[PDB]
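Quick note, the sequences are listed as chains A, B and C, same order. Using the UniProt record's numbering, read the first sequence as starting at 3 and increasing by one per residue. Using the UniProt record's numbering, read the second sequence as starting at 2 and increasing by one per residue. Numbers 1 to 16, 61 to 103, taken from the UniProt record's numbering, label the letters of the third sequence in order.
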Amino acid sequence: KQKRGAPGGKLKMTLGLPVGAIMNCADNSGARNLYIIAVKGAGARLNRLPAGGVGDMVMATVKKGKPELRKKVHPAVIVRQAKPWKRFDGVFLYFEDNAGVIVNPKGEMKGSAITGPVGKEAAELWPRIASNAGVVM
Amino acid sequence: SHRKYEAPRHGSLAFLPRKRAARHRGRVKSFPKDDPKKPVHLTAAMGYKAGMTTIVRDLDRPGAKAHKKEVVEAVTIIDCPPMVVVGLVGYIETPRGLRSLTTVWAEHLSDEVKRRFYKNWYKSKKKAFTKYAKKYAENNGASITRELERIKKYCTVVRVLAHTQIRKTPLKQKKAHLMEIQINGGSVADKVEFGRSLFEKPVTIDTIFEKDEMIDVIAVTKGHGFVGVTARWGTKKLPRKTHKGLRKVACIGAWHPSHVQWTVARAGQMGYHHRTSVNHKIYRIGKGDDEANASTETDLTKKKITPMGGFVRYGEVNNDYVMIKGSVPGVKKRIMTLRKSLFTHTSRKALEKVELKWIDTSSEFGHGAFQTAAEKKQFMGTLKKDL
Amino acid sequence: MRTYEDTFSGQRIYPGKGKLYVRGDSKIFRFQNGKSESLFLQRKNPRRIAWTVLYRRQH
RNA sequence: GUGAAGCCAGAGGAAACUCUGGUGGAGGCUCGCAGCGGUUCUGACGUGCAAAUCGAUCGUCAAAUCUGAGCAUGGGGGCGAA
RNA sequence: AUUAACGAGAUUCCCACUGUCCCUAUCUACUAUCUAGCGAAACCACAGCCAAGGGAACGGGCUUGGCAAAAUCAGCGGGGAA
RNA sequence: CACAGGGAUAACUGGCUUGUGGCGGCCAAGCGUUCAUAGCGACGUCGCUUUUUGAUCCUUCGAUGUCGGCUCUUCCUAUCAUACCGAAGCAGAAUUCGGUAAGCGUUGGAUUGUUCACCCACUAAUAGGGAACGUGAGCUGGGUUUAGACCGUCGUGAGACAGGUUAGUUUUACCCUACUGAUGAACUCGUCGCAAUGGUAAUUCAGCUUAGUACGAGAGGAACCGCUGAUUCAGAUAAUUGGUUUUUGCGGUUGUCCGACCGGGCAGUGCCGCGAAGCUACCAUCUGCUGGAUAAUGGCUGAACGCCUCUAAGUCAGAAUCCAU
Ligand SMILES: [Mg+2]
């Protein structure tokens, strides 16, 4: 009984980036960009592309980086997006760019360090990303 | 052949006749179930919608992610000047339904109500209830006191006729509105005597409702003239290279049953339908004689709820008012109708007891920055027009 | 509750108004309204903007 | 816009010869207005302004380019870069 | 069989770009709309609400049932095997 | 390429038939460690349906627009998931066979004109079909199926090929009916009400605790109540965020014209920056109820048939079902 990866308790927020987006990669794993092919907790409705936001798991490949990681399919997590969104405290905010990291299906990071700020939602849901990150929000 | 990929239905068939409402004032179609062991009390009210604003409070919901932290919620302000009882009616039961058989009006009426029974009041003689008054002060109201006994004997439900004082609002209209309110008293004798006492005397909304309880809202929605299928029901648009129109539907029926059916989406009216919204929370019942009806227990400023420059397309509020969490159907200046709830609430979210901490009073006419003119002046400095 | 001061123009900010912008090098900026935000993103200088609080104090 | 022959000056080498800067203005060469043509929108109109038109976008543009008047070829015949 | 230059020739991939799309929203001009003036055409056995039955094997008219209230305006594209 | 004709005669729908195609039964030699029927079934035999393909030529040739895709509504059950249950070679978990049940769903992409198919990924699941092989005065025109042109095989030749390839005009609604909405004469003009009938709406998942527990030698490993959120759908609203700019509101600026400055015209809205009001977005915020009667099944009292038995008289509980609020 290996549970399907899906963050439990995640409140709704504006989904910034759909399938087909190229985000940056922020860790020392050797990849540079990430190409999304699916979203984990996705639903089902005719003609509607799946989408995700800061905090949830994604299935993605790499298209430029070390040749030992290419031509495969990895699970990833988003950590900061460039579209404004609001929390329950009523304040809107947004970063400069889209970025994500490569993880295990159980929830462990592949690399060892994060380069840049991180959204608060990613820290609460994934304990490993929080313990390894620097400045949050 | 069957449909290739399945998909849900566009629009709902429950609200089927999408036509303009028959009457401008909302219509309460059912009152809460009667209970003869409570004390006598009214079960509805009516007011006018002012506008919306923003508040901030602290949450009390054990087990949530935002427990005991500050949230930001939207609210709406309804302006509720007092009402004046005018009479009461009594209904009996029949094998074809309920029906009314008597009415008994008060001795003196106001120009506001008398203006409702006329369409051209200016060039009239205003003889509405002139001869009816002579029933009073004739044989000591014998005719009046017999109808009341009839209600006591035969009737089984009683309702009260009430009207608003529209002269106490910034509206340009002068014609008052009139409606009925049912009493859930405890006995027919009790609820007819209580009705008699309230003749030609105002009743305030704080005797009707009470704070942090759940109510129902009835009104008539906003109007749009005559819209196409894409906006009315919400269907997908056809490709960019379509001849003879693009913003449409492509197939409105199969060859047989050989007629266009009542379930296909077609162009027509949008808006101005009758609607009933339910489960709205009351945050605050503000009095009108108080000059600090927008302060809190932590923000000790002295101010009233009107923004800087009055609600847009509305005047100011100088009367009682209620604060409701969320949105309600209807545009500004439109007659709103409030009534008690039919459900039973045990959900730990409708039973929460709210205590506010801040109420926005900035201008909604733009990117308002300050709360009070005193605050603006002390920040702004001194200007060239201040001599 | 709390209040903040506009980074670019020094105007006061209550809860709910404006937005918060995080730059790449972990520096957080707040803008009271669209006018401040748009000017900042064009690399304009606050010192030369006549209506700013800093411009007034500088002169 | 590019810059073919012909002409002037200079420099390197034992010699044979080779380099550099100018002058000049060739080509069924090239970008692009008027004229000529008619690729796409399978756009507009489709009892039309019109029994073939209108709009944007396009092909060629100093030569196998465009065009007026006078004259010749007449039906199992003429003419045809077909 | 190869082939530099050329092509409004057919086909595949990459960078930049975008309402093609997720998923729709808004603005402007001219009609459509109402009025005064002028004022046609295609088409037409009689006409015009359905379900089942049988029949030239898919009826508006026949048989058995459902039902059924004057006069009208703007759209629509199921049917009249238009 | 032409003319006179043919539904006396083919290619498409419709009609009768069901061999072939699909689906379901009856007997029981045997498989299943032992044991015909937990789960299957040879040799034989009885049926059902018209989403495959055949056979016939009844209706249309003074014409019913002939592949596929896009959008939209509704219907069937031979049930993929969701509700409640009965069986097992059912310890738990994961599964397999059956019942009541069509209320509610059934996806995003690479290749091909494809219907058909095969891979990647998510999900509770990615079930099968009809409506003139639904749907061209609804769209498109990739293929077939006019005229131009190339190749291969055949023919002496004109030319042939259900062999390959490239370019090829898609017309009309104002009439009747049907549907969506909006007026309206008669019994004087109005205000406040009742409700026959018609419509109907919500859906699924996840996290915490129960629990490292019941069960099991171990490895493993549940469920009701409780709490908080989320996916699809429906009805509204504009305080905040975003979009829209003819507010031609304010400012900057190019060319030309008014002798210069100020103030202005023209460049169908000259161009750029900001931009209130209104409209608007799961790109933003709020909200979506409980009574009665039942089916499958499990029971109580109890004969027929001195015993037994949920049924024969009587009766209890009971589903996302049915009817109402
Ligand atoms: Mg253990």
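Cβ atoms here follow ideal geometry from the backbone N, Cα and C, with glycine treated the same way.
Just confirm the distance between the C-beta atoms of residue i and residue j, as a whole number of angstroms; I'd bet it's less than 8 Å.
i	j	result
B/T44	B/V329	Not really, about 19 Å apart at Cβ, beyond 8 Å.
B/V85	B/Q166	7 Å
B/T299	B/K358	5 Å
B/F312	B/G269	Actually they are not in contact, since the Cβ atoms of B/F312 and B/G269 sit about 33 Å apart, beyond 8 Å.
B/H25	B/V87	Wrong, their Cβ atoms sit about 20 Å apart, outside the cutoff.
Report buried or exposed for residue i, applying the criterion of at least 16 other Cβ atoms within 10 angstroms of its Cβ.
i	result
A/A115	exposed
B/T157	exposed
B/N294	buried
B/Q183	buried
A/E123	buried
C/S9	buried
B/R160	buried
B/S363	buried
B/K5	exposed
Between residue i and chain B, is the shortest Cβ-Cβ distance under 9 Å, so that the two count as touching?
i	result
A/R130	no
A/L51	no
C/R74	no
C/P15	yes
C/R101	no
C/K63	no
A/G121	no
A/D58	no
With 9 Å set as the bound, which would you pick, yes or no: does the beta-carbon of residue i sit closer than that to a beta-carbon of chain C?
i	result
A/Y37	no
A/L95	yes
A/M25	no
A/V137	yes
A/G10	no
B/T55	yes
A/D29	no
Where do the ends of the alpha helix (DSSP H) carrying residue i lie?
i	result
A/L127	122–127
B/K378	374–381
C/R101	97–102
B/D112	112–115
C/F84	78–85
residue 398 of chain B	Nothing can be reported for residue 398 of chain B: it is not among the residues displayed for chain B, which extend from 2 to 388.
residue 394 of chain B	Outside the displayed range of chain B (2 to 388) lies residue 394 of chain B, so it cannot be described from this structure.
Where does the unbroken beta strand (DSSP E) through residue i begin, and where does it stop?
i	result
B/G91	84–95
B/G52	45–59
B/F195	No beta strand (DSSP E) contains B/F195, which is instead part of the alpha helix (DSSP H) from 189–198.
B/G287	275–287
C/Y65	63–66
B/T103	98–106
B/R151	It is not in any beta strand (DSSP E) - B/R151 instead sits in the alpha helix (DSSP H) that spans 143–155.
B/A220	215–221
A/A40	35–41
A/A101	101–104
So, does the CB of residue i fall closer than 9 Å to a CB anywhere in chain A?
i	result
B/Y6	yes
B/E356	no
B/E71	yes
B/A67	yes
B/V76	no
C/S82	no
Can we count residue i as close to ligand 3, meaning its CB is less than 8 Å from some heavy atom?
i	result
B/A375	As presented, the structure is devoid of ligand 3, carrying ligand 1 as its sole ligands.
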